[PDB]
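Only one chain is included here, represented as structure tokens and corresponding to the form deposited in one PDB entry.
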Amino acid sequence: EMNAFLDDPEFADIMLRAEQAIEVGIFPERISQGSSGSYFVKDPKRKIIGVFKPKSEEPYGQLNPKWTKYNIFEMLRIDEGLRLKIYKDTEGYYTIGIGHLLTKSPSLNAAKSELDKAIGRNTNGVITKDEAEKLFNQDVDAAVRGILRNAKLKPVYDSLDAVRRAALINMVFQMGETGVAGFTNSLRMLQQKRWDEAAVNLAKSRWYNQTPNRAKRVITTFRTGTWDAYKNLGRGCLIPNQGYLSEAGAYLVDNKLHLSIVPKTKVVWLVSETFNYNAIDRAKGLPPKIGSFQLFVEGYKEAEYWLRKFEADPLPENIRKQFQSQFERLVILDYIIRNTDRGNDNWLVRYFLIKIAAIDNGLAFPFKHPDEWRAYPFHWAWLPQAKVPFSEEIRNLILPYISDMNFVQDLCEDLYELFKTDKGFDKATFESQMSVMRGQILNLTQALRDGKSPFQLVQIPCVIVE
């Protein structure tokens, strides 16, 4: 019984039912959709009682069973970056997604017309992550067609395996076919599978000197033929492979402030043959897996679904007021923990006549503010509701808490006791995380003090509090 020392008697009852179900052969069911290993946990009556996310099956965990996670779109997301709103590229042309040129024209409305044509709907200059990936994969097909039409590159491309082909395509995106064709000796070595010799002359170039970090990852990919160079980068600001602690931390922040938008989430252990174990463990009796356990909610849908409905069919005033107060709680939760991956699909709405459930809280608590505020924005700040000033209700509930030193100290101590669970816990890195959180709390205190809006809140310069 690994879960003998839980601090929540009601939650401990849930875990007991989960273990009883496993003892009788009712195992947690792996979920097919996600980019990581998540499981619907059942009770002895085959009822879903929670969602379990093992640490080892996180997107870059060593036992993540969803191999479709490693693809060219995710490769270029790290190397080039993803933007879901129209922007201007290095050469001043309108662009969206991962470097997808919309038009050479300086007219913005021309860019939106082309964007609506490519996506297939009225986007108004904003697309979803899935739409960007579909657009990106269309660019990849075009790039491959050009490679196969190029006499210098096609024989190399045919010889390369799938992983190394992504590396070659990566170079084509960055510098074009002509630029890649200039790596004469490296291309010949790659075709001969002399990886190390190819890497030597890949590093003797303008490309390696101008963008060394991206080039080193691409060159390492050529050397190994694996995706190891893109694993556990933590987006440059997160502790790698600690999503389970971020999930549990988000509820911990929620519960202290009584936001009641994050379902109860705790760090627990579970044994189940449906988990992904290595060969050694399975032949043995399986070792428990540590991960986050979140209670199951029902009746919810992606916020993107309900937001589009409300734009064409506005809510009645009383319901709209309730939705805004729920939205404010989401804003406060995401800002304090500095969530880096809250898209308008990662939070759920049920339509208390309307309720918000905050899930997928695995990519929060960075140890530093992101260098590019445009790289990981709070995507709910692009909604019209983000410009409504914080209600007097939310300020009377939150300001007394966050303006008190003991509350902030207790919250930091609670997060310490939780985050120290991980094998890779580092005291200095944790103190960086709290300095970032205190800076977020400081800005939030000022924003509520000045009656600002969520849109104005995210514009305050980020800061750390030592």
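Residues that one form lacks are left out of the comparison. Rigid core (definition): largest C-alpha set, two forms, superposition within 1.5 Å. Counting begins at 1, following the sequence as shown.
Going from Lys284 to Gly285, you skip over 10 or more residues of the deposited sequence that the entry leaves unmodelled.
Gap between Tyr277 and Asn278: none; every deposited residue in this span has coordinates.
On average the C-alpha atoms of 300 to 308 have higher B-factors than those of the other stretch, with 300 to 308 and 262 to 270 being the two compared. Just going by the entry, 390 to 398 versus 161 to 169 on mean CA temperature factor gives the higher value to 390 to 398. Of the candidates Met175, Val349, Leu187, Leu202, it is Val349 whose Cα B-factor is highest according to the PDB record. Looking at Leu102, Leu363, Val331, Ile337, the one whose CA carries the top B-factor in the deposited record is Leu102. Split the chain's modelled residues into thirds by C-alpha temperature factor. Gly50 is in the middle one. For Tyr376, the recorded CA temperature factor ranks within the highest third of the chain's modelled residues. For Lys66, the recorded CA temperature factor ranks within the middle third of the chain's modelled residues. When the modelled residues of the chain are ordered by C-alpha B-factor, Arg194 sits in the lowest third. When the modelled residues of the chain are ordered by their C-alpha B factor, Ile239 lands in the lowest third.
Keep in mind that the form deposited in another entry is not shown, yet the notes after this line are about it.
For the residue set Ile239, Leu84, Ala357, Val331, core-aligned C-alpha shifts between this form and the one not shown reach 2 angstroms or more at a single site, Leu84.
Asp341: CA moves less than 2 Å between this form and the one not shown after rigid-core fitting. Once both forms are fitted on their rigid core, the CA atom of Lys387 lies less than 2 Å apart between this form and the one not shown. After superposing the rigid core, the C-alpha of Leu295 moves by less than 2 Å between this form and the one not shown.
In the other entry, the CA atoms of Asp371 and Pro212 draw together by 3 angstroms or more relative to this form.
A shift of at least 3 angstroms pushes the Cα atoms of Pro366 and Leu233 further from each other in the other entry than in the displayed structure. Core-superposed comparison between this form and the one not shown: runs of at least three consecutive shared residues with Cα shifts of 2 Å or more are located at 4 to 7, 33 to 36, 67 to 235, 311 to 313, 373 to 375.
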